[PDB]
Amino acid sequence: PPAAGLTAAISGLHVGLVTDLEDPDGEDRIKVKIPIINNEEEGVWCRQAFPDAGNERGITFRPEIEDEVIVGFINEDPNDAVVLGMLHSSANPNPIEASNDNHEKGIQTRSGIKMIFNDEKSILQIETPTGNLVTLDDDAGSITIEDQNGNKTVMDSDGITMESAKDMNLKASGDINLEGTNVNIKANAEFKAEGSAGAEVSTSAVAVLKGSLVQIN
Amino acid sequence: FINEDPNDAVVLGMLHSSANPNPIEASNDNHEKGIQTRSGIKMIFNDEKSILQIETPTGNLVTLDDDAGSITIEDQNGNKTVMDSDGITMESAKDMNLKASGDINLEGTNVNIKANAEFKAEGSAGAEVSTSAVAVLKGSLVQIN
Amino acid sequence: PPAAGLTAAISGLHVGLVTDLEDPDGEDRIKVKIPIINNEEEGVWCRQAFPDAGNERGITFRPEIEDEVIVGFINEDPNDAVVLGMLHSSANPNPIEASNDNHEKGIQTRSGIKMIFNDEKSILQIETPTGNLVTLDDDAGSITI
Amino acid sequence: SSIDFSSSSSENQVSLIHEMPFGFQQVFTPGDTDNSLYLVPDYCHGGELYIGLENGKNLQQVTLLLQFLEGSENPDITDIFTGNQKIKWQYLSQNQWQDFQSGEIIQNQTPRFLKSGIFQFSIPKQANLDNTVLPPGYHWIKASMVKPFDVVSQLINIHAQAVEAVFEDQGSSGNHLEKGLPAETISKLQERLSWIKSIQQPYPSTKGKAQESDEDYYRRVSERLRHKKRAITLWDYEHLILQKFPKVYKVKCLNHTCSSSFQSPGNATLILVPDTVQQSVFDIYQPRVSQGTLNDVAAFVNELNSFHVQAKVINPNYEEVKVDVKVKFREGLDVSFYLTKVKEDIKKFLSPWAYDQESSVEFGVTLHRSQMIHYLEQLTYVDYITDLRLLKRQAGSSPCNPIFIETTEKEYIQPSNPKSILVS
Amino acid sequence: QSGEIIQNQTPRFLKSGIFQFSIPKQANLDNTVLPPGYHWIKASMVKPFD
Amino acid sequence: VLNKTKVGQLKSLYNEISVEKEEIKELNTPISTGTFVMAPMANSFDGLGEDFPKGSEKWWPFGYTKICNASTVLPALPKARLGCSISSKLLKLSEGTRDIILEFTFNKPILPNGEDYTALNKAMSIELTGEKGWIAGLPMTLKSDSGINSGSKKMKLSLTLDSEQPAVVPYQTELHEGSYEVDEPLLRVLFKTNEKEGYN
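Residues numbered from 1 in each chain as written, not as in the entry; some residues may be left out. Chains lettered and ligands numbered in written order. Part of a larger assembly, values for the part shown. Heavy atoms only, no water. Residues with missing side-chain atoms left out of burial classes, pairs and counts.

Enquirer: Please give an account of the overall build of chain D that cites residues and values.
Expert: What chain D contains, in helices and strands, is 5 helices and 15 strands. Relative to the 2.2 N^0.38 estimate, which gives 22 Å for 424 residues, the radius of gyration of chain D is 29 Å and therefore markedly larger than a compact globule would have. On the principal axes, the C-alpha backbone points of chain D span a range of 90 × 60 × 60 Å. Here the analysis covers contacts within chain D between residues at least 6 apart in sequence; of these, 64% occur between residues at least 24 apart. (Helix = DSSP H or I, 4+ residues; strand = E, 2+ residues; numbered from the N terminus. Rg over C-alpha atoms; globule rule 2.2 N^0.38 Å. Contact = heavy atoms within 4.5 Å.)

Here it is as structure tokens:
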């Protein structure tokens, strides 16, 4: 007989609502109401299934209070309920618009942090609510890192560009070595260079020193 | 079980218990979500503070933090890059090499170069130091050609 | 009586095929054929379960047209079907080769964008189809962009 | 630089800020003029209590429970809110204190902070969360008094969202009625509703009464047949009160006592001692009767005395001596029957006279022979060579020169009134 | 203090038994004479070691 | 009707006056003239957060001014903090010997008995915003030319800083630990309410 003959059994799958995420006996259960039984009281403690779980590992997301979930029952016993997944509806819209092309996939949290995969354009974009983002874009052939304060680094077909909103500090405990075909240094106010053990400017062709006044020692 | 046949079984999901604890502590506030693997590699989403952090077991990490207004990239060897309200800072544990197949162009209001031992600059087709105001060359000894 | 005595009931879980992802009445349903009933017509609208969902949030992936899925039924009524997950088979191979060591895990999309977690070597690698990549490698002690 | 604070058309380039006990205020900004500035905030004579509220809204109602320890006030003050005087209430807006309007206070059951009760009000429009004289983020409400600090009772706590409820008499046995329902017995509704996270019960229930037993029925009828409901002699007064007022533990009638005399004809004083069994609330070493009971008792009896006589009803104003003794010759163990445990038992035996508790001994105010018997009865004792219990002449806290009880008294009370001989 | 030791069945370390006590208020985890992170309790004797 | 409004904080003050202001002829009166105290946490044991001992939880809604009462002995409450501050550009001082003079004028005469600089140093305490935090202690003692003349409407104050002292700088919330909307340096003066001179 159903549910071992010890209780009335409940067949099929049912829909419930989440009322409490803190399990008094440490089994990682969540409390869920089932409206076809009673939609006013607190509900019962259910076990939750995850896509990945083990001893101190796994992928963990939990429903918010009043989220709608789908519930199964072990051996059709009403008090061996298991949460199998979360549902969407017009009262709780899906953030990614449906299409038969199925180009957009990803993760979006409560606070607005996104991670989106665009197949049509081969683009991966990670972004927070106030402008901090990292983008990998094969339709541009580039990588962009940008913050909310106006600082930006870009790697693309024209080489590597870095810009700072305020200042820039390059430091090393060892040597600093710059190379290139043409090295051009400009300042809108002052230029200085120092060395505690000497300094040198040299070339195989012509050295030039100019100013409105040139002083030597 | 498909059609309630004992030999058409399907696995629907994995379970936690006190014998196999959930790595993220339960709370009715539900602020912390994420992925944690067997070896300790994490990817965690903090809603309260709007923080996304990716981190491996021996200190290699990338953090996006809206409660700081910054982006940090840091490795296990002490190398670090930070973008924040004070601009862009880079530090190296040992050395730093900047190279290009083309030109290197530096700009700013004030450019300050310091070395604790030596400073050198070269150009195979010449070199130039100039200014509209005053050029200065000093040392305990100055040699020209 | 089964399915409230109003219709023939359907017991156990069944396998179906996806034919249409655009729901005419806005409930986020998908249309699925069930071959043990009829493998030629269009099918019926089913609700989809997700690992995370709520008001303007969640983890969303949808099956492609002609993907194979596992379907449950509310109160054993044939027209209250719910999609619980997607299946693999030799006709639709799993991109990550099986092993009892279970070292490799991750995400791979239709266009070839990958995100792979290697436990053996503690490596996280994010990569697109034409060479744009970011790698965090504890077996090298380095970060590469 | 030189600044005339009253002059227009002058570069008064200075900023002035006042420092206050819990914050600050900007007074004068650069470019301003004024006619009356001071270097300091003005605090007038009196006392102030500030209550900060979290998460309200500018048009919602707030219900507050003020739980007092009733009777804990100073009985020897002559300025006591006579006539229609009461405690004043105000709210904070833009760093100013403002009076509440007539439609903003719904009820005030505690106008002079002497009894527990409800306060209920709506949050006024223009209530402000962003202020500097008091920390921002809270709505702030002020209560004030200009009287000495002890004319009001001490508090236990203040709670928001209080609701009153009552026992339903059905066909069962109301055993909890003699001593009321203990603190924290109630945690749930009959139908647990989904929206209620929770319910708390901090204090014991009160005002109930069980049906009369046969023993009480006979006791009550028998006394009326003797005293005829008149308050004439000693027995009459003492038994009329214990029958009428159920939460009085002991009573004492004083035949010629006035506050300044123990020989004045035409008067009387009555002393009331409460039970205070629910020590979760009460101070069991200073049990006191609240004004409600002191006044109700006086009214009840004065109607039954005589046209010519009014009685006064007071608290005992307890004072007492305490024991010291030779070490016990035996104990169960140094810990199990520690001298501290013996001290606790001694305190309980005495406390039972001061306040309700169990005690085998007839009275605390007794000879050492009674004390010896009480200890001899213990299962963890054998003997003690000597004991004494003089009054604490060496009590520094209550001023020195205090009377001692050394002259071979059987723990006699220091006085007819303003004494108890029940230290514990 | 007198209320902090509940029982001592082993007063002279000659027989097996139970010692029971409460952790006192003002017990301190942050010290330097003994490693931090632990509450520390001391027992002592002035007699030969055996 | 139930909602989420909660009681968050409880604070209290008390000002007790024994002597009518008209009898203050000098700051160092032979008799106390009044007492002012505060409790930052009104419902704690000492007014500052100490837990009530197990046996009883009781507190006075408007504080207290005496230690020994009808039955017990309580810890004293801290005395009220009262004062003011001045902010202006002339305080931007970075080096050398610095001498700062302040003069104050009122509508009415101050007292029948004028006051020595040693009287003022028992009544007040002055601090400045500097490079490493607040400048305080011995360097901020009033000098000998300060004081109040007997029939005058003017009070004079005098401070000096050694060449070895930190610079005086504009106020910074991250350095001087506060919340003032001031873009200049601050000079802060508090009254020593613990003393008769400060209170007077």
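Enquirer: Break down the packing of helix α2 (residues 234-244) of chain D against helix α3 (residues 291-305) of chain D for me, with residues and values.
Expert: Residues and elements named next belong to chain D. In the contact formed by α2 and α3, the axes pass within 11 Å of each other and the chain directions differ by 135°. Taken together, α2 and α3 sit at an angle that is classed as oblique. The two elements α2 and α3 cross, and the hand of that crossing is right-handed. On α3, the residues touching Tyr-237, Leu-240, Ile-241 and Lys-244 of α2 are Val-297, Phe-300, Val-301, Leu-304 and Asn-305. (Axes fitted to C-alpha atoms, helices over the stretch in contact; angles between N-to-C directions. Parallel < 35°, antiparallel > 145°, perpendicular 65-115°, else oblique. Left-handed = near helix turned anticlockwise from the far one by under 90°.)

Enquirer: Residue-level account of the packing of aromatic side chains, with values.
Expert: The tally for this structure, following the rule as stated, stands at 18 aromatic pairs over all chains. Considering the side-chain rings of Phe-22 of chain D and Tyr-50 of chain D, the 6.3 Å spacing of their centres and the 80° angle between planes classify their relative orientation as edge-to-face. With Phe-22 of chain D in the loop between β1 (15-20) and β2 (23-28) and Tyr-50 of chain D in strand β3 (residues 46-54), the pair connects residues that are 28 residues apart, well separated along the chain. On the numbers, 4.8 Å between centres and 50° between planes, the contact of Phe-24 of chain D with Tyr-180 of chain F is tilted. (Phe/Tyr/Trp six-rings, centres within 6.5 Å; stacked < 30°, edge-to-face > 60°.)

Enquirer: How would you explain the side chain of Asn-102 of chain A if you had to name every residue and give the values?
Expert: By the secondary structure assignment, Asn-102 of chain A is in the loop between β7 (81-86) and β8 (104-108). A relative accessible area of 6% means that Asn-102 of chain A is categorised as buried. Excluding residues within four positions of it along the chain, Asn-102 of chain A makes contact with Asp-119 of chain A together with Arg-62, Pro-63, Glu-64 and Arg-110 of chain C. (Buried < 20%, exposed > 50% of the residue type's maximum accessible area, 1.4 Å probe, protein only.)

Enquirer: Please give an account of the arrangement of the chains that cites residues and values.
Expert: The chain pair with the greatest number of contacts, out of 7 pairs of chains in contact, is formed by chains A and B. Separated throughout, chain B and chain F approach each other most closely at a C-alpha pair spaced 15 Å apart.

Enquirer: Please give an account of the side chain of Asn-30 of chain B that cites residues and values.
Expert: Following the sequence through the fold, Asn-30 of chain B ends up in the segment before β1 (32-36). For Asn-30 of chain B, the side chain forms a polar contact with the main-chain oxygen of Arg-62 of chain A, separated by 3.2 Å. Looking at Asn-30 of chain B, its side chain comes within polar contact range of the side chain of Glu-64 of chain A, at 2.9 Å. With sequence-adjacent residues up to four places away left out, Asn-30 of chain B is seen in contact with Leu-21, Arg-62, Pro-63, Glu-64 and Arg-110 of chain A together with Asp-47 of chain B. (Polar contact = N/O pair within 3.5 Å; in protein donor to acceptor, adjacent residues only side chain to side chain.)

Enquirer: With reference to specific residues and values, describe the sheet that holds strand β10 (residues 155-160) of chain D.
Expert: All names here are of chain D. With antiparallel pairing, the 4 strands of this open sheet are ordered in space as β7-β8-β4-β10. Among the strands making up the open sheet, the edge pair consists of β7 (105-108) and β10. Across the sheet, the axes of successive neighbouring strands diverge by a mean angle of 15°, strand direction being ignored. Pairing of strand β4 (residues 61-68) with β10 involves 5 bridges; the strand directions are antiparallel. (Pairing = 2+ DSSP bridges.)

Enquirer: I'd like to hear about a positive patch on the surface, residue by residue, with values.
Expert: Residues and elements named next belong to chain D. There is a patch of like positive charges on the surface, built from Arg-224, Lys-228, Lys-229, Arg-230 and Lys-244. With respect to the helices, strands and loops of the structure, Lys-244 is situated in helix α2. The exposure class assigned to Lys-244 is partly exposed, which follows from its relative accessible area of 47%. (Patch = residues over 30% accessible without salt bridge, like charges linked within 9 Å, V, L, I, M, F, W, Y side chains within 5 Å. Areas by Shrake-Rupley, 256 points an atom, 1.4 Å probe, with all protein chains shown as cover. Salt bridge = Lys/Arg side-chain N within 4 Å of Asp/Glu carboxyl O. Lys, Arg positive; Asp, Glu negative; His and termini not counted. Charge placed at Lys NZ, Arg CZ, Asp CG, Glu CD.)

Enquirer: For unusual backbone geometry, give the residues involved together with the corresponding values.
Expert: Residues and elements named next belong to chain D. Positive phi, normally seen in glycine, also occurs at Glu-184, with a value near 65°. Here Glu-184 shows up in the loop between β10 and α1 (214-227). Phi is positive for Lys-229, which is not a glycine, with a value near 65°. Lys-229 sits in the partly exposed class, given a relative accessible area of 37%.

Enquirer: Break down the pattern of salt bridges for me, with residues and values.
Expert: Residue and element names in this part refer to chain A. Under the criterion given, the structure shown has 39 salt bridges over all chains. A salt bridge links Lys-121 to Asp-139; the shortest N-O distance between them is 2.9 Å. A residue pair is termed long-range when its members are at least 10 positions apart, and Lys-121 in the loop between β9 (114-118) and β10 (123-127) and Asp-139 in the loop between β11 (133-137) and β12 (142-146) qualify at 18 residues. Residue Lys-121 is classed as partly exposed on the basis of its relative accessible area, which comes to 36%.

Enquirer: If you had to explain the nonpolar core to someone new, which residues and values would you point to?
Expert: In terms of nonpolar packing, the biggest core is built from 38 residues, with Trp-89, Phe-113, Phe-121, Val-152 and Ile-158 of chain D touching the most fellow members. The biggest single contributor to this core is β4 of chain D, with 4 residues. Not counting chain neighbours up to four residues away, the residues in contact with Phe-121 of chain D comprise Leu-53, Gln-60, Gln-61, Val-62, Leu-64, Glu-104, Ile-105, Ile-106 and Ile-141 of chain D. Grouped together as the second largest cluster of nonpolar side chains are 24 residues, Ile-86, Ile-100, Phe-104 and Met-140 of chain F included. (Core = buried A, V, L, I, M, F, W, Y, C linked by side-chain atoms within 4.5 Å.)

Enquirer: Please give an account of the interface of chain A and chain B that cites residues and values.
Expert: Taken together, the 95 residues of chain A in the interface contact 95 residues of chain B. For the pair chain A and chain B, the summed buried area comes to about 7900 Å², and 50% of that belongs to carbon and sulfur atoms. A per-residue breakdown of the area chain A buries against chain B is headed by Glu-56, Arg-62 and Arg-110 of chain A, which together make up 7% of the total. Taken together, the connections running from chain A to chain B amount to 2 salt bridges. Across the pair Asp-47 of chain B and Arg-110 of chain A runs a salt bridge whose closest N-O atoms are separated by 3.6 Å. Within the side of chain A that touches chain B, the residues separate by chemical class into 36 nonpolar, 34 polar and 25 charged. The pairing of strand β20 (residues 207-210) of chain A with strand β12 (residues 127-130) of chain B spans 4 bridges and is parallel. (Buried area = accessible area lost by both parts, 1.4 Å probe. Nonpolar A, V, L, I, M, F, W, Y, C, P; charged D, E, K, R; others polar.)

Enquirer: Break down the sheet that holds strand β11 (residues 250-254) of chain D for me, with residues and values.
Expert: Residue and element names in this part refer to chain D. Pairing is mixed across the open sheet formed by 3 strands, whose spatial order is β11-β12-β13. The open sheet has two edge strands with one neighbour each: β11 and β13 (311-314). Taken over all neighbouring pairs, the strand axes of this sheet differ in orientation by 20° on average, direction set aside. Here α2 sits on the sheet and contacts β11 and β12 (268-273); the angle it forms with β11, its principal contact strand, is near 150°.

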